[PDB]
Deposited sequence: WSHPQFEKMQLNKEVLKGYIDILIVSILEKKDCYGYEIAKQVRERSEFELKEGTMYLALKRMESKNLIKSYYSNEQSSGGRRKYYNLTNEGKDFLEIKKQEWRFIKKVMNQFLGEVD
């Protein structure tokens, strides 16, 4: 359920397709089942936080489904970053 946050964070600096997203979640955290990822990506498309498109069959990677962080998605991410700075301060004080 934290997966939406991870995904918008990954997409901030580059449009990505599924493999790249999963790779970063593995490599940088301790989470991620592939099914879980595709469920999340569809949910975020639905909410217009991300926007999908396709690369060309004749491109280096062949046809992939890429995702773009939308303006709403960018807004969502900045809000999450703000909420995290706040929350992190409190919980460190009381659970640290």
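Mind pulling out the bits of the deposited sequence that never got modelled, as residue ranges from 1? According to the deposited record, C-alpha coordinates are absent for 1-17, 49, 115-117, which together make up the missing parts.
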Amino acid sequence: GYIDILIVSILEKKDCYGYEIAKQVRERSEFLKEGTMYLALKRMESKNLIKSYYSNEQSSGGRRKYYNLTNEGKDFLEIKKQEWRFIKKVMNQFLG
From here on, numbers count along this sequence of modelled residues.
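According to the deposited model, is the average Cα temperature factor higher in 22-30 or in 48-56? Higher of the two, by average CA B-factor, is 22-30.
Mean Cα B-factor comparison, 7-15 or 76-84, giving the higher one as deposited: Higher of the two, by average CA B-factor, is 76-84.
Could you say whether, by C-alpha temperature factor, residue 70 belongs to the lowest, middle or highest third of its chain? Middle third, going by the recorded CA B-factors of the chain.
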